[PDB]
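Below you will find one chain, with nothing else, as structure tokens; this is the form deposited in one PDB entry, and questions on how it binds or moves follow later.
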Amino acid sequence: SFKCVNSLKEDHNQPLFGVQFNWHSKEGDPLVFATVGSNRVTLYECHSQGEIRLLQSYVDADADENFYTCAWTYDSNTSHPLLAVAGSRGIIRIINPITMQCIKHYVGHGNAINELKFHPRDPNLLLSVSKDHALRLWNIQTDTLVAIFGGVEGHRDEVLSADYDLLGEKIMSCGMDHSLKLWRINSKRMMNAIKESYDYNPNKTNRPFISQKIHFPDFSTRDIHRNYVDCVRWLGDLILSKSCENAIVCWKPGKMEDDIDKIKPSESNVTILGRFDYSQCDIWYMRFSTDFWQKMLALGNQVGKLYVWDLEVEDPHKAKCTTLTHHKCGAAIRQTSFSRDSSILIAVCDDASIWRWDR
């Protein structure tokens, strides 16, 4: 049971394109989420009786910046959390969430960054996906660009989403060219590059750091969706992905029995294991999310309805759907986020509203 306990509206009236709970917060500290929209990022604290305590924002000096996405990590030496933000200017900002100071930034991308993700096992490895058709992997410890995943066989239009698998050995990306593409980062070459990125200190050498140019995916398919693929997530070795066709497909590369690590780039088949249908979500840039454990799946649609899927069933097609509505919630939900313990679900909207659902 989720019940709606509170809502609010940010003062800029622009779309909130993203929301992330900090899953690296300390034991005993209150639960905290960031929202991104307009040219800002804002942090809030969850307290009892549905209260959403407004903390502090970071506002970009450029009036024309528009933040699209954010991701949490932490400093690897001090335990302290960090929040990365990015959007239309194609600039990644690493923000100290306590003071909201911009610690540092990365340029390179030829255009808008549509999503950011951190590696599940290495808090320094930041993946950005761009409107310039490419993904980039950054080491935010040594401030190095580890690799660009692109080229003619990479995406031929905007990359909209990507996700590391559980161990962070491979990436799956999706975008406007209707395709989902796989990029392994556990090859000798990539493990070497990450290692070399850690040994790099510009003060102690003469060389620039050389990026990898990865121009070939380890698998590709245009067979799942017939429009823009705007969100992707690993579910073990299986994939969850959506287009703007009111469906989330659960699928895998190759045939039913094929091992994901034995899939070759020539692979021609995919296997569909289920599809979760819903209504009125035919605009693009609409992201579902999952809880920490991947027991559930949340997606908002374009008229303010929420869909939650219970994934704690023995095959993906057996997922149990439930819905959450509120008569005052009628604007489009761009993204959802669960607290780490899944007691709270947050939805953020095109009219700048923030909706809080408690279990």
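Residues carry their position along the shown sequence, with the first being 1.
In what follows, reference is made to the form solved in complex with a partner chain, a form of this protein that is not presented.
- Put simply, residue 25 is close to the partner chain in the entry with it bound: some heavy atom of it is within 4.5 Å.
- In the entry with it bound, the partner chain stays beyond 4.5 Å of every heavy atom belonging to residue 192.
- Taking the partner from elsewhere, residue 237 is found to have a heavy atom lying within 4.5 Å of the partner chain in the entry with it bound.
- Heavy atoms of residue 121 reach within 4.5 Å of the partner chain in the entry with it bound, making it an interface residue.
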